[PDB]
Amino acid sequence: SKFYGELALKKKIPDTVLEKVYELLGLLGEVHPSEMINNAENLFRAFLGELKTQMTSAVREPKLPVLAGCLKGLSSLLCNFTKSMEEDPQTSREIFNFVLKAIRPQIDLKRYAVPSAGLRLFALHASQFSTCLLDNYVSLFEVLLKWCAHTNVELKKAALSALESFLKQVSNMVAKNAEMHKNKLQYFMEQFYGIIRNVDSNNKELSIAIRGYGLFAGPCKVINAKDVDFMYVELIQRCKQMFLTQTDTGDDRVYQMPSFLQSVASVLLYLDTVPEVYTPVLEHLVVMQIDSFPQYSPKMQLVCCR
Amino acid sequence: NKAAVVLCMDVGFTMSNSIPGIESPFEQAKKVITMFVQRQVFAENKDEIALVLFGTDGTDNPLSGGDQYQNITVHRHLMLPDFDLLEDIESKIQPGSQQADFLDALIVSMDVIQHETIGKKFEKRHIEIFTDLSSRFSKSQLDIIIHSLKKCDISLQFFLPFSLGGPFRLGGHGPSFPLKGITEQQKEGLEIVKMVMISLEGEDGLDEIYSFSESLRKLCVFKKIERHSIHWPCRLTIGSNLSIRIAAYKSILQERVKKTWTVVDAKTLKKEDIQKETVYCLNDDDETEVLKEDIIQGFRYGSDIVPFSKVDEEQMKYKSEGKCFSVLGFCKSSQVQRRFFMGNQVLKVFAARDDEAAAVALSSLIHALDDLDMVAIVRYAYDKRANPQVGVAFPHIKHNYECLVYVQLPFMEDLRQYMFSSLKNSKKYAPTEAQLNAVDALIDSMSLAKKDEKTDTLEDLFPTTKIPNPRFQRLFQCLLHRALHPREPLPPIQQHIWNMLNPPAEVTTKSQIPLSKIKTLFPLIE
Amino acid sequence: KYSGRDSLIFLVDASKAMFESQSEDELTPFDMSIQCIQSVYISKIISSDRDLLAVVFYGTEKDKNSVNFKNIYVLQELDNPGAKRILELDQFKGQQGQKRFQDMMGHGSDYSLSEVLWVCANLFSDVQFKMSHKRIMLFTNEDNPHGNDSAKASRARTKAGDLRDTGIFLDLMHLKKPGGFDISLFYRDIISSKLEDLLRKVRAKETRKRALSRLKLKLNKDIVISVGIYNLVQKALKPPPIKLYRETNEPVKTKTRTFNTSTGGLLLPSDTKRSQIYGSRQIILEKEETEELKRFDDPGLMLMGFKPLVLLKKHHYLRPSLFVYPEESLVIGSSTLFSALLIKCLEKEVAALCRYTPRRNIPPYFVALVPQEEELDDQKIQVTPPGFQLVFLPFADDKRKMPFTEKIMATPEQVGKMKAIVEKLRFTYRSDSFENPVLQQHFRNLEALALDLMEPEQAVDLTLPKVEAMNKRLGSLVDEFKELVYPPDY
DNA sequence: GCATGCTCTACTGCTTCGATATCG
DNA sequence: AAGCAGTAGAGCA
DNA sequence: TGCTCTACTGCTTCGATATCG
DNA sequence: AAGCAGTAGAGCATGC
């Protein structure tokens with residue numbers, strides 16, 4: 001109540017302290033929710049009204065640190081205090097529109113605070129939007145894929161996870177009510193076939209073909225159950241051709257092998273009748289990864305062993 | 001006290017005349033009528049507006065004699081202005097065009113005024129006609145209506161289209177007619193309204209007629225409405241005993257808007273849900289919150305705080321010993337110049353009233369101050385509260401009034417002098433003569449004041465004094481917008497606002513080429 | 001510099017006959033010097049309350065200095081003017097103060113030489129700030145203080161030269177040992193009487209300098225120039241009334257909140273809206289809505305025509321008048337365009353007309369720019385700086401309407417009498433000195449609490465008429481001007 | 001090969017304080 | 001917040 | 001109904017309070 | 001506005 005009353009006063013606090021007050025009010029919401037069954041209700045309004053008046057105002061052009069503070073307060077509070085499109089379908093759409101306005105591709109700036117915070121909040125908390133995550137997807141993937149080429153040493157790595165959880169939480173729903181979606185399924189499938197065959201000039205559409213292939217190998221098995229069997233054969237050929245024919249001496253692409261192994265493993269858990277000629281190449285693969293442990297980074301060294 | 005304005009609006013067929021593609025007169029008259037009624041409903045004046053709507057298909061009157069008082073329809077009588085009249089002016093997209101005459105609306109307005117007035121009197125009676133002068137006339141009653149308006153005191157003001165005898169916007173303080181608009185119906189209506197207006201009041205019958213160009217952008221509608229002032233009695237002294245009983249009144253001053261923004265709470269639409277508090281909380285530590293009865297009003301001195309709050313300062317303050325309009329001294333040398341005036345008002349000190357020997361003495365005083373540049377230093381106080389002040393009493397020798405005007409003056413704490421560098425004998429920043437002639441071409445192409453009309457008295461383009469105030473206009477139209485359509489977002493600004501505040505066109509076109517000259521010759525700007 | 005401060009050291013010569021009455025029962029120069037020092041402090045403690053003011057007596061019997069010399073006693077150190085410093089210092093007034101200074105430090109010794117100027121230099125060197133003025137006020141009466149030893153004279157003029165080198169200047173305010181200025185001696189070697197500036201003339205002033213706005217004037221759309229909009233007549237007034245706790249004698253540090261929504265609780269900026277009532281119907285809006293309905297243009301000046309200096313009547317004014325000057329944060333040459341525009345606007349007596357929006361969101365306002373050419377003289381009577389000047393202009397409901405329909409003519413038997421009267425009352429105006437009664441007596445009344453001498457001090461006000469000296473100066477024509485043509489006659 | 005360590009200056013904000021609009 | 005001079009409501013005759 | 005104490009009342013002056021460059 | 005202070009972040013030299 002002390003730090004909550006200290007923003008219910010008249011003018012003070014030159015915003016690099018109001019940043020920290022908004023951060024403490026959310027981190028306190030994360031740890032130990034025994035007392036705020038009641039008071040954490042109004043803290044939602046205290047975040048949203050301020051983020052509204054900082055977002056939409058034709059005069060008094062917006063403030064930069066207080067956006068970062070209010071967003072990181074919400075991305076600490078939204079654990080254990082969800083309001084999703086199942087039980088309260090208003091504030092969910094409100095926060096969704098607010099983060100969508102917060103992640104638009106500004107170009108003539110440096111100021112990577114609102115991109116980073118909005119991307120991280122969507123990344124960790126992607127699962128709360130269960131009807132408004134499935135209808136803007138070409139624009140969504142285009143702006144996210146724009147920011148996966150953002151050329152920032154801490155924001156490319158912070159945006160890739162957002163892309164990941166976006167794909168993960170759209171997959172579970174397109175598999176859910178099958179055969180009467182029947183167009184979104186076809187759209188992602190016909191954008192995924194051959195996009196691993198892309199003779200690419202980067203490393204990223206490569207990896208996202210890998211990841212979406214290994215993830216959407218699931219929902220083809222309720223409908224087709226033969227493209228899933230063409231899958232992993234196409235996949236293990238298109239991954240064995242990447243390194244076990246050429247230049248294991250000279251290459252620097254050791255950084256996509258966890259994506260490799262997770263993709264092959266997640267289709268291999270759904271497969272049947274593994275063709276018995278490729279498993280002597282799967283077993284050169286995973287021992288190459290067991291060898292390729294000390295040229296890794298911490299943080300990556302844990303999902304690798306996963 | 002109470003004011004009364006009656007608005008005649010033509011709805012006749014040629015008033016339902018078409019548009020060439022620049023602007024339309026029926027829309028213009030709608031804008032002017034809604035400007036007047038928004039001022040009246042948003043200033044809370046105790047008055048009445050009435051409508052006389054002539055040119056509709058229908059006929060509504062107690063008496064409608066054949067063809068006269070035909071196409072006479074009433075919608076709202078003399079009433080205080082409200083949003084019903086704005087509904088009547090916004091739900092009038094239909095003309096329903098037919099006209100019998102336009103000389104019947106005046107007599108039926110005078111008749112309904114006189115047969116409706118009982119118990120609720122007025123101190124002015126003003127009727128404004130809005131017609132484009134093409135419908136038929138009838139001079140059946142001329143001298144009896146002239147004597148009825150002369151014995152009932154019904155003053156009237158007349159409004160005409162933009163045709164008096166490049167791209168004309170609304171009016172940009174330039175030529176009113178594009179090329180031509182005079183016909184014989186225009187001629188006959190213009191001369192009959194001219195002769196009734198001279199035979200009512202005289203020379204202003206040729207000058208109290210206004211176009212829709214210069215009625216939006218000027219306050220000529222706002223004449224014979226406002227109440228004068230509060231009569232100020234005081235007494236001027238010279239020396240021992242020159243005790244002139246005197247009247248003072250105010251003059252030009254800063255205008256402020258009277259309404260205030262009441263803070264309410266949302267989702268309830270009542271006021272009483274706010275009870276603000278403040279605590280005089282000496283914490284300086286973990287928090288201690290005290291009651292009132294503890295507070296000494298401490299001042300700052302040198303490097304510390306010194307006590308002793310108020311009844312002692314209320315005793316040992318300055319005793320002000322009464323108001324005064326006294327005279328300190330004089331000066332034949334007019335050495336109070338313009339850049340020292342320094343007040344926020346100006347005070348017309350007029351004369352005496354009521355056995356005006358004192359006033360003829362004051363007119364003798366200013367008729368002695370007239371002949372040479374002799375100034376008068378006068379000390380003023382409103383009351384016991386106001387600090388006393390020095391000021392200058394300028395004389396004012398004019399046509400129907402001989403007055404004195406009081407301005408303030410600085411005390412010697414309110415100056416400061418500070419050395420700035422000289423620009424004549426400056427060896428670095430001296431210009432060139434082609435640069436000087438570029439400036440002179442810019443001036444003589446952007447000049448606004450030149451003498452003409454064969455007697456070489458000065459005529460000025462763009463006189464920046466006659467503009468109505470745009471701030472309360474913009475604010476009041478935005479409020480009527482929001483309380484009319486109760487969810488729409490706010491507009492951008494109107495275009496007749498910038499058609500009011502524009503400089504004229506030919507001066508811009510004349511300056512187009514020397515502005516290119518100054519851009520092309522003067523050196524780079526960052 | 002803007003945040004620069006000035007400095008003053010009072011060096012008192014209380015040695016041989018200055019502590020004596022000069023065998024004169026008329027005035028004593030020690031009490032005169034301490035009165036002048038008290039006047040300086042007691043003016044600059046509200047005039048210019050941030051400079052540095054020190055008090056140092058020399059020739060004393062004891063010593064107090066950080067190089068540890070003899071006969072030299074510093075008393076206070078370089079700091080603000082303080083009530084403690086003056087309540088400490090006024091214990092040396094009169095003969096009671098003469099005896100108290102005798103017992104407290106003593107008087108009379110073979111005084112110093114160069115070493116006291118060494119003490120002044122080591123007093124100025126310690127201060128870590130930006131000293132802008134370095135002056136020494138010397139209160140002495142002898143004028144050959146080492147007229148028996150020339151080595152001390154040569155060393156004193158050498159050390160004074162090395163104090164002049166680093167930028168220290170002294171102005172010895174001469175006491176009156178011969179009364180009149182008859183000591184036309186040879187003290188030209190050290191220097192770079194009249195005491196009235198130190199005595200009276202500055203009981204209520206201040207010192208400050210800012211710029212108030214830095215805006216840009218655009219002529220067409222592309223020709224921009226940068227002007228600083230200075231303010232030169234500002235209406236000073238009394239300082240804000242600090243709040244204070246009764247017992248612990250400290251500020252109160254108030255705080256403010258809003259609640260009781262027919263539930264109690266506590267509120268935020270967002271829960272509440274702005275509103276208005278107009279007769280019967282109520283409007284509601286947001287704070288951004290009521291702040292955005294007055295939004296026209298961008299900050300700066302917009303050129304909207306030209307006019308010569310003949311239409312504007314000085315019946316017409318609204319506010320004080322500012323002063324625009326060609327600053328230096330657009331280009332090296334905006335000064336030159338302003339100089340050319342200055343020359344042409346002055347010689348063809350034309351004045352600019354502009355629209356002016358002061359800061360980020362204010363409605364626009366019409367101003368008129370009138371030029372001004374500087375005036376200086378032989379002795380640098382810099383009375384005007386060269387530059388342009390704003391005059392404001394009214395719009396619509398500024399000008400009200402009088403009753404105004406009154407016009408009566410008088411008789412011309414009074415004009416010569418009134419010409420003689422106004423030639424009797426004629427004084428050449430002023431340059432300064434018409435000071436403020438309310439602020440002035442507030443200054444004196446605040447002196448009489450932390451200095452608490454007796455009562456409210458002197459409170460003359462130079463804005464009253466003197467009817468007693470007006471009656472005899474005018475003469476007995478008041479009755480004939482009262483009843484030459486017109487009797488009131490009840 | 002990019003994984004690290006190291007260095008100088010323009011963008012952001014801080015703080016005092018003088019003015020200004022505005023409320024009571 | 002704190003007076004202030006016309007404008008009347010009703011005691012007094 | 002004729003006179004006056006008095007009970008307002010719009011109407012102005014000032015004094016203190018956030019707002020902002 | 002007047003001044004100070006920090007520092008983020010892109011640009012100099014050598015490393016499993």
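The count begins at 1 with the first shown residue.
Any Cβ shown, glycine's included, is placed from N, Cα and C.
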> According to Swiss-Prot, which residue among C:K159, C:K287, C:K380 is annotated as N6-acetyllysine?
Replying inline: C:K287
> In Swiss-Prot, which of these is labelled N6-acetyllysine: C:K93, C:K294?
Replying inline: C:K294
> Among the residues C:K176, C:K273, C:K399, which does Swiss-Prot list with the feature SUMO2 cross-link?
Replying inline: C:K273
> Going by what Swiss-Prot says, which of C:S47, C:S329, C:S476 is noted as phosphoserine?
Replying inline: C:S476
>> Checking your reading of the structure: which of the modified residues C:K1, C:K273, C:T411, C:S476 lie inside a 10 Å Cα sphere centred on C:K287 (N6-acetyllysine)?
In response: C:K273
> Around C:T411 (phosphothreonine), which residues of its chain at least 6 apart sit with Cβ under 8 Å of its Cβ?
Replying inline: C:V485
>> Cα-Cα, whole number of Å: C:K294 (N6-acetyllysine) versus C:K417 (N6-acetyllysine)?
In response: 57
> Any idea what the Cα distance is from C:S262 (phosphoserine) over to C:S433 (phosphoserine), rounded to a whole Å?
Replying inline: 60
> Do any of C:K1, C:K273, C:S433, C:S476 (modified residues) have a CA within 10 A of C:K243 (SUMO2 cross-link), and if so which?
Replying inline: none
> Fewest neighbouring Cβ atoms within 10 Å: which of the modified residues C:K273, C:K287?
Replying inline: C:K287
> Where does C:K273 (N6-acetyllysine) sit by DSSP, helix, strand or coil?
Replying inline: strand
> In the structure shown, with every protein chain counted, which of the recorded positions C:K243, C:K294, C:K417 has the densest set of Cβ atoms within 10 angstroms of its Cβ?
Replying inline: C:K243
>> Between C-alpha atoms, which of these modified residues comes nearest to C:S476 (phosphoserine): C:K1, C:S21, C:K273, C:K417, C:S433?
In response: C:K417
> Using a 10 Å radius around each Cβ and counting other Cβ atoms from all shown chains, which of the modified residues C:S21, C:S262, C:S433, C:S476 yields the largest count?
Replying inline: C:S21
>> Spatially, and counting Cα to Cα, which of the modified residues is closest to C:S21 (phosphoserine)? Options: C:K1, C:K273, C:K417, C:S433.
In response: C:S433
> Listing the recorded positions C:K1, C:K243, C:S262, C:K273, C:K294, C:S476, which lie under 8 Å (Cβ to Cβ) from chain B?
Replying inline: C:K243, C:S262, C:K273, C:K294
